[PDB]
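# Chains, contacts and geometry: an overview
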Amino acid sequence: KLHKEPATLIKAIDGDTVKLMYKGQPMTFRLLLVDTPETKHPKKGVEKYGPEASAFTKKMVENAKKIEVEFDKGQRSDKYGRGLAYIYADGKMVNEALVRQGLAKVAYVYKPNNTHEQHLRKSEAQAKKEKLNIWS
């Protein structure tokens with residue numbers, strides 16, 4: 001029953017986080033089910049492939065005509081107040097694109113927020129087989 005809703009980009013913040021206008025409110029969104037290397041790591045700062053993951057997410061959302069967010073069936077925000085969602089740029093899921101490119105791993109999954117888990121895991125297996133980026 002997952003449905004997509006429109007949103008407007010405000011700012012990409014990191015590989016795994018984008019700020020969007022949603023239902024007329026600015027909101028920070030964390031991409032569901034993926035871990036990217038970070039530029040804003042609480043303890044490490046800027047990890048390896050972090051600038052790259054960050055640039056990938058940025059370009060993909062900044063250059064899209066349409067951004068949509070899709071909540072999963074469980075919790076829609078985390079303990080930091082970030083929305084938890086799948087983000088689409090012109091119909092293409094940003095979460096999957098990162099994983100397919102070897103710029104994210106599939107995260108530890110917490111049910112029931114696991115609807116696209118298999119699909120993402122499939123893309124991660126492919127990126128690993130192609131030895132892309134993080135897997136190189």
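Residues numbered from 1 in each chain as written, not as in the entry; some residues may be left out. Heavy atoms only, no water.

## Quick word on the UniProt feature "active site" in the chain
The positions that UniProt labels "active site" are, in the present scheme, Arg 30, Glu 38 and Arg 82. Examined against the element boundaries, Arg 30 turns out to sit in strand β3 (residues 25-31). Residue classification places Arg 30 among the buried residues on the basis of a relative accessible area of 14%. As for its position among the elements, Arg 82 is in the loop between β5 (67-71) and β6 (83-89). Here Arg 82 falls in the partly exposed class, since its relative accessible area comes to 22%. (UniProt positions renumbered as here; feature names shortened; annotations may be inferred. Helix = DSSP H or I, 4+ residues; strand = E, 2+ residues; numbered from the N terminus. Buried < 20%, exposed > 50% of the residue type's maximum accessible area, 1.4 Å probe, protein only.)

## Re the pairing of β6
For β6, a buried count of seven out of seven residues is recorded, marking the element as mostly surrounded by other parts of the structure. Inspection of the sheet shows β3 paired to β6 by three bridges, in the parallel sense. Its bridge partner lying in β6, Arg 30 is registered against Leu 84. Pairing of β5 with β6, which is carried by five bridges, proceeds in the antiparallel orientation. Note that in β6 the partner of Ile 67 across the bridge is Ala 89. (Pairing = 2+ DSSP bridges.)

## Focus on the side chain of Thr 17
Tracing the sequence through the fold places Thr 17 in strand β2 (residues 17-22). Classification of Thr 17 as buried rests on a relative accessible area of 6%. A distance of 2.6 Å separates a polar atom in the side chain of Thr 17 from a polar atom in the side chain of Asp 16. If we skip the residues at most four places from it in the chain, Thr 17 touches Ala 12, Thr 28, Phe 29, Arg 30 and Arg 82. (Polar contact = N/O pair within 3.5 Å; in protein donor to acceptor, adjacent residues only side chain to side chain. Contact = heavy atoms within 4.5 Å.)

## Observations concerning the packing of aromatic side chains
Per the stated rule, a full pass over the model turns up four aromatic pairs. Relative to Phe 71, the ring of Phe 29 has its centre 6.1 Å away and its plane inclined at 40°; by these criteria the two rings are tilted. Of the two residues, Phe 29 sits in strand β3 while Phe 71 sits in strand β5, which places them 42 residues apart along the sequence. Judged on exposure class, the residue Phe 29 and its partner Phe 71 are both buried. Arranged with centres 5.2 Å apart and planes meeting at 65°, the rings of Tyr 108 and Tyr 110 form a pair that is edge-to-face. Across the pair, exposure class does not vary: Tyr 108 and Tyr 110 are exposed alike. Stacked on the ring of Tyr 88, the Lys or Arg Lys 4 has its end atom at 4.5 Å from the ring centre. Here the guanidinium or amino end of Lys 48 rests over the ring plane of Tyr 49, the centre of that ring lying 4.4 Å away. (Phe/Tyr/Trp six-rings, centres within 6.5 Å; stacked < 30°, edge-to-face > 60°. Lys NZ or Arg CZ within 6 Å of the ring centre and 35° of its normal.)

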